[PDB]
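Asker:
2 protein chains.
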Amino acid sequence: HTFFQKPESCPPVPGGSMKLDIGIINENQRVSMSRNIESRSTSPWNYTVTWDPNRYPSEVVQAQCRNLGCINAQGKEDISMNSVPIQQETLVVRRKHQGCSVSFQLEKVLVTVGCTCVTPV
Amino acid sequence: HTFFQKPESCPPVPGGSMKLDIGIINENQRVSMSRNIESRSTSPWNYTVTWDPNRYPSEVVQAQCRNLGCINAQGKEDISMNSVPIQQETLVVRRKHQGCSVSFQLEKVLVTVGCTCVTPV
Ligand SMILES: *[C@@H]1O[C@H](CO)[C@@H](O[C@H]2O[C@H](CO)[C@@H](O)[C@H](O)[C@H]2NC(C)=O)[C@H](O)[C@H]1NC(C)=O
Ligand SMILES: *[C@H]1O[C@H](CO)[C@@H](O)[C@H](O)[C@H]1NC(C)=O
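Protein sequences, first through last, are from chains B and A. So the number in the entry's author numbering is just where the residue sits in the first sequence, counting from 1, plus 7. So the number in the entry's author numbering is just where the residue sits in the second sequence, counting from 1, plus 7.
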């Protein structure tokens, strides 16, 4: 909403654009999860690394649940139990235009981060 | 971060500021997961809401697995199995300065979105 604005009575800026500072705060943090988490899960998933050279991050990994149900101790799928996806709403930056008139714009993308096992209702 | 540069063959501006266009692409979307997914999951989790007025989005919801083990049909924790979190790297905007000198800078935050049930290692 009003998070990107200025008070009307402010000195104008061409294009009706805002100031985006350089540098990503915490650009260094790394995600840490169990190894092969998407295989060892009772509700395994597969990963698709979607790519876009005009988007930051360029690589956005989407997950897809491997089965309709969950896996049990034996390694068998159990359809009495459901494998459901977990969605995270995120933000990525899109790079607009060519030449020196390059600009950026926020984009909202929903990411499926993996799957969990639920009991159907 | 080479991503936010302009072609060298361009006339330099200020000291270092990019152009952020107004509007959020696809702002109209809303994550849709199973009802009470966080409770019906064999590896359930609770939600902790953090709030910061100078950040977009303001509310970043962190998740925390309720148990060490997963839960069986009966309803008891089974530590032969593990409730582990799923972490996603996201981008949030941080608001800097006040009034007309308002400026924005990207910030990366790891969000723990929910939990899945895995086999121990
Ligand atoms: C999940 O990913 C696996 C890759 O490990 C997919 O693999 C299956 O289908 C492939 C088709 O090209 C075959 O090459 C694989 O041999 C086959 N193996 C397995 C274990 O699935 C699989 O289809 C994907 N599953 C889903 C639901 O998308
Ligand atoms: C989740 O765990 C918290 C403690 O961290 C507990 O107080 C809360 O009530 C739990 N959730 C439910 C639905 O009981």
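Idealized CB from N, CA, C, for every residue including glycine.
Exposed or buried, what is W52 (chain B) when buried is set at 16 or more other beta-carbons lying within 10 Å of its beta-carbon?
Answerer: Its Cβ being crowded by 16 or more others within 10 Å, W52 (chain B) is buried.
Asker: Just how far apart, CA to CA, sit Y54 (chain B) and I44 (chain A)?
Answerer: Their Cα atoms are separated by approximately 21 Å.
Asker: Suppose the cutoff is 6 Å on Cβ atoms and the five residues either side in sequence are ignored; what does the same chain contact list for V125 (chain B) look like?
Answerer: Contacts found: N89 and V91.
Asker: For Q71 (chain B), verify whether its CB is less than 8 Å away from any heavy atom of ligand 1.
Answerer: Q71 (chain B): yes, Cβ under 8 Å from ligand 1.
Asker: In chain order, what are the residue ranges of uninterrupted beta strand (DSSP E) at least 3 long that sit wholly in the segment 79–103 of chain A?
Answerer: Entirely contained in the segment 79–103 of chain A, the beta strand (DSSP E) runs reaching 3 residues are, in chain order, 89–103.
Asker: Does the beta carbon of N74 (chain B) fall short of 8 Å from some heavy atom of ligand 1?
Answerer: Yes, ligand 1 has a heavy atom inside 8 Å of this Cβ.
Asker: Give me the Cα-Cα distance between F111 (chain A) and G23 (chain B), rounded to the nearest whole angstrom.
Answerer: Answer to the nearest angstrom: the Cα atoms are 15 Å apart.
Asker: Does the beta-carbon of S50 (chain A), which I'm using as the reference point, lie nearer than 8 Å to any heavy atom of ligand 2?
Answerer: For ligand 2, not one heavy atom lies less than 8 Å from the Cβ of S50 (chain A).
Asker: Could you check what DSSP says for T123 (chain A) in three-state terms: helix, strand or coil?
Answerer: DSSP places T123 (chain A) in strand when its eight states are reduced to three.
Asker: Below 8 Å CB to CB, which residues in the same chain sit around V100 (chain A) once its five sequence neighbours on both sides are set aside?
Answerer: Answer for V100 (chain A): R62, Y63, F111, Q112, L113 and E114, listed in chain order.
Asker: Which residues, in order along the segment 86–102 of chain A, keep a beta-carbon less than 9 Å from a beta-carbon of chain B?
Answerer: Against chain B - using a Cβ distance shorter than 9 Å - the residues of the segment 86–102 of chain A are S87, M88, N89, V91, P92, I93, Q94, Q95, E96, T97, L98, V99, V100, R101 and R102.
Asker: Per DSSP, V20 (chain B) forms a beta bridge with which residues?
Answerer: In DSSP, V20 (chain B) forms no bridge with anything.
Asker: Would you call the segment 11–30 of chain A in contact with the segment 27–35 of chain B, where contact means no fewer than 3 C-beta pairs closer than 8 Å?
Answerer: At 8 Å Cβ cutoff, the stretches touch.
Asker: With a CB to CB cut of under 8 Å and the five nearest residues on each side skipped, what residues in its chain are close to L75 (chain A)?
Answerer: Closer than 8 Å at the Cβ level, and outside the excluded window around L75 (chain A), lie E84, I86, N89 and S90.
Asker: Could you check if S46 (chain A) belongs to the surroundings of ligand 2, using beta carbon to heavy atom distance under 8 Å?
Answerer: Checking every heavy atom of ligand 2 against the Cβ of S46 (chain A), one is found closer than 8 Å.
Asker: Please work out which residues of its chain come closer than 7 Å, Cβ to Cβ, to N79 (chain A), disregarding the five sequence neighbours upstream and downstream, and give them in chain order.
Answerer: These residues qualify, in order along the chain: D85.
Asker: Do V116 (chain A) and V67 (chain A) have their beta-carbon atoms positioned less than 9 Å apart in this structure?
Answerer: Yes; because the gap between Cβ atoms is below 9 Å, this pair is in contact.
Asker: Less than 8 Å separating the Cβ of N53 (chain B) from some heavy atom of ligand 1?
Answerer: Under cutoff, so the answer is yes.
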